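Peer 1: these chains are from a complex, not moved at all, and more is on the way:
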Amino acid sequence: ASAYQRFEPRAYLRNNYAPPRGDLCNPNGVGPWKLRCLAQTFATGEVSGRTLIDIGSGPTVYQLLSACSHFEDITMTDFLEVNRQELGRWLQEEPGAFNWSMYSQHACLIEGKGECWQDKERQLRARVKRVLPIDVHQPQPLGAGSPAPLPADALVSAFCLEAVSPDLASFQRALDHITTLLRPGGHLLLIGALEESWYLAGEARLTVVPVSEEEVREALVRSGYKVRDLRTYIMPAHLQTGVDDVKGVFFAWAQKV
């Protein structure tokens, strides 16, 4: 909690979204894998609606590239002001914004609709209506008078819960808290680190709860979801770089029931 007060957005982006982890040319990397999970899921046509909320967006937007063409009202969120600012810089095309164009290009490539990456970014920027503070530790993560339409038709969340929870039970409650934001019958797309215990963001050294695939599945069931899909990416040696001790990445497609 106080650890996140030293969290440096630029250090985080450099660590996870610039080469090598940010090289998208090799389809066997973690970046293409993530984008693929997202794209394939939305391509089913079963994840749809009017409103969507991204939970713990941090300073990144890649997690919404495939989502944005299925949801007209999108809400992005984060605990930290500095992350919300970094997002605003990209949404408003302000100076020094992070360059997400390689990810936008690869989403267009993967989706296979012949869309140009500029149109994709345009649609995302237009459909993200707001960027709000959030704390998944709170029973009402967004607060009381939320400007965000509730409940949402769908949730997305990448690398938040395990990264803000000291242990399983805390992870489980955090999942409980965000689930209240989701309409019954709605969809949650959850991405996260597997068996990770720490990662770095500049001066910040963050603690993570190491979770397994089966622990993720069980937590989803406990929270009232049917697990439609749960896949694992094993982190290859050359992508183990000293910025963390992640062993793999999970993708879960869950439906509130």
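Peer 2: Yep, it's here. Numbers count the residues shown, from 1 in each chain, chains lettered A, B, ... in the order given.

Peer 1: from here on, contacts and neighbour counts on C-alpha atoms
Peer 2: Will do.

Peer 1: from residue A:207, how far out is residue A:246?
Peer 2: 12 Å (C-alpha to C-alpha, to the nearest Å).

Peer 1: which neighbours do these two have in common?
Peer 2: A:197-198 (C-alpha atoms under 8 Å, 6 or more residues apart in numbering).

Peer 1: quick one, strands of the stretch 51-200 of chain A?
Peer 2: All strands of the stretch 51-200 of chain A, identified by DSSP state E, counting those that start in this stretch, fall at A:51-55, A:73-78, A:128-133, A:152-158, A:182-194, A:198-201.

Peer 1: could these go into JSON lines alongside mean neighbour count and distance to residue A:168?
Peer 2: Listed next are those as JSON lines, based on neighbours: other C-alpha atoms under 10 Å; distance: least, C-alpha to C-alpha, whole Å:
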{"stretch": "strand A:51-55", "mean neighbour count": "27", "distance to residue A:168": "19"}
{"stretch": "strand A:73-78", "mean neighbour count": "23", "distance to residue A:168": "21"}
{"stretch": "strand A:128-133", "mean neighbour count": "19", "distance to residue A:168": "24"}
{"stretch": "strand A:152-158", "mean neighbour count": "23", "distance to residue A:168": "17"}
{"stretch": "strand A:182-194", "mean neighbour count": "22", "distance to residue A:168": "12"}
{"stretch": "strand A:198-201", "mean neighbour count": "18", "distance to residue A:168": "15"}
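
Peer 1: could I get those strands as TSV with distance to residue A:13?
Peer 2: Compiled in TSV, the strands of the stretch 51-200 of chain A are given as follows (distance: least, C-alpha to C-alpha, whole Å):
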stretch	distance to residue A:13
strand A:51-55	17
strand A:73-78	15
strand A:128-133	18
strand A:152-158	14
strand A:182-194	16
strand A:198-201	9
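
Peer 1: residue A:229: which of these is closest?
Peer 2: strand A:182-194 (9.5 Å; C-alpha to C-alpha).

Peer 1: could you dump that closest one to CSV, C-alpha only?
Peer 2: The C-alpha trace of strand A:182-194 is given here as CSV (Å, rounded to 0.1, in the frame of the first residue of the first chain):
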residue,chain,number,x,y,z
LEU,A,182,-20.2,-6.7,-12.6
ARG,A,183,-23.7,-7.3,-13.8
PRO,A,184,-25.1,-10.8,-13.3
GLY,A,185,-24.4,-12.8,-16.4
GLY,A,186,-21.6,-10.4,-17.3
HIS,A,187,-18.0,-11.3,-18.3
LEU,A,188,-14.7,-10.9,-16.6
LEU,A,189,-11.4,-11.2,-18.5
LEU,A,190,-8.7,-11.6,-15.9
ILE,A,191,-4.9,-11.7,-16.7
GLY,A,192,-2.2,-12.1,-14.1
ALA,A,193,1.2,-13.3,-13.0
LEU,A,194,1.7,-17.0,-11.9
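
Peer 1: now for chain B, put it on the one above:
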Amino acid sequence: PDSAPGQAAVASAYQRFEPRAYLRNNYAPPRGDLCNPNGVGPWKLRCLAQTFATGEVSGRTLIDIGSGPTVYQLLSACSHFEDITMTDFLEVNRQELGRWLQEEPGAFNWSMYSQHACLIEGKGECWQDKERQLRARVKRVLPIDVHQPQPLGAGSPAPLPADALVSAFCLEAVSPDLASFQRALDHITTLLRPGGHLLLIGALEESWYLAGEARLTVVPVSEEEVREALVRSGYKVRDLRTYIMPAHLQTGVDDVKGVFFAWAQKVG
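Peer 2: Chain B now in position relative to the chains above:
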């Protein structure tokens, strides 16, 4: 009739050709806007991609005829030919290609075209890889004059005969008349092996275009004049499509009415 005079005018006029103006006029927006699928850029790239996707156009060696300062016309080709020769009449164009080959920052930026080719080829290739492969496969950049019976000269470096030819907006842009156009086509055809393929892209019913201070004269040709010249030169026409230039893409840089793409196979 005597050919020298018309050829002399053409060579003279091209001494004023400005590569950067030409690039801005034709390969930056609006004509360089690749987001609109109905634009001329995506159409050209589509013709090339679909043709190479048939698998029917392959071999070891390819020659691009009148490359000028552009490389888009080879984006889909480069995965099918180990050895690629680029060519142009003007040293200033060859220099511009030199800059791109060295990946210099001052070079024209073709990355939107590279990305779009990757997008429509549908193999999930990243654009950095496409560009790296093109740079690796261009083995030489050579002077050329299509009005000469041997356009590359005698004892040229180029592997002859080639398995395939590509040529975009060259023949009609350097030929004073239809007879000249036909002869130019005859000349480049000597470079292609029997059974080899020619991919020809060009302007329809155009009489002029701008390249900075240079305002050049073009022989206006129709689709049926293009088909006949190809037949006359000893080709079977496999494909010949027409793009009609939208009014919003008529920017005053030329009086082009449309664009043709011909896929032709040399009889042999």
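
Peer 1: separation between the residue of chain A most remote from its centre and chain B?
Peer 2: Distance from the C-alpha centroid of chain A, by C-alpha atoms, centre = their mean, peaks at residue A:114 (25.0 Å). Separation of residue A:114 from chain B (C-alpha to the nearest C-alpha, to the nearest Å): 6 Å.

Peer 1: again, but for residue A:165
Peer 2: 37 Å.

Peer 1: for that residue, what are its contacts?
Peer 2: Residues in contact with residue A:165 (C-alpha atoms under 8 Å, 6 or more residues apart in numbering or on different chains) are A:171, A:174, A:208-209.

Peer 1: list the contacts for the closest residue to residue A:135 other than its chain neighbours?
Peer 2: With C-alpha to C-alpha, 6 or more residues apart in numbering or on different chains as the criterion, residue A:135 has its nearest non-adjacent residue at 4.8 Å, and that residue is residue A:141. Contact analysis of residue A:141 by C-alpha under 8 Å, 6+ apart lists A:134-135, A:177-178.

Peer 1: now residue A:141: how far from residue A:175?
Peer 2: 11 Å.

Peer 1: do residue A:166 as well
Peer 2: 14 Å.

Peer 1: ok, the two, which is more surrounded?
Peer 2: residue A:175 (19 against 15; other C-alpha atoms under 10 Å in any protein chain shown).

Peer 1: the more buried one contacts residue A:162, correct?
Peer 2: No - using C-alpha atoms under 8 Å, residue A:175 is not in contact with residue A:162, being 9.7 Å away.

Peer 1: I'd like to know how many residues surround residue A:91.
Peer 2: Neighbour tally, residue A:91, other C-alpha under 10 Å: 20.

Peer 1: so it sits against residue A:125, correct?
Peer 2: Yes - under the criterion of C-alpha under 8 Å, residue A:91 makes contact with residue A:125 at 5.5 Å.

Peer 1: hang on, the earlier thing: highest neighbour count among the contacts of residue A:165?
Peer 2: residue A:208 (25 neighbours).

Peer 1: for the residue most central in space within chain A, list the residues it contacts.
Peer 2: The structure's chain A has its C-alpha centroid closest to residue A:158; by C-alpha atoms, centre = their mean the separation is 2.5 Å. Taking C-alpha under 8 Å, 6+ apart as the criterion, residue A:158 is in contact with A:55-57, A:63, A:190-192.

Peer 1: how about the contacts made by the closest residue in space to it that isn't next to it in sequence?
Peer 2: Spatial nearest neighbour of residue A:158, chain neighbours left out: residue A:191 (4.4 Å); criterion: C-alpha to C-alpha, 6+ apart. Residues near residue A:191 by C-alpha under 8 Å, 6+ apart: A:157-159, A:249-252.
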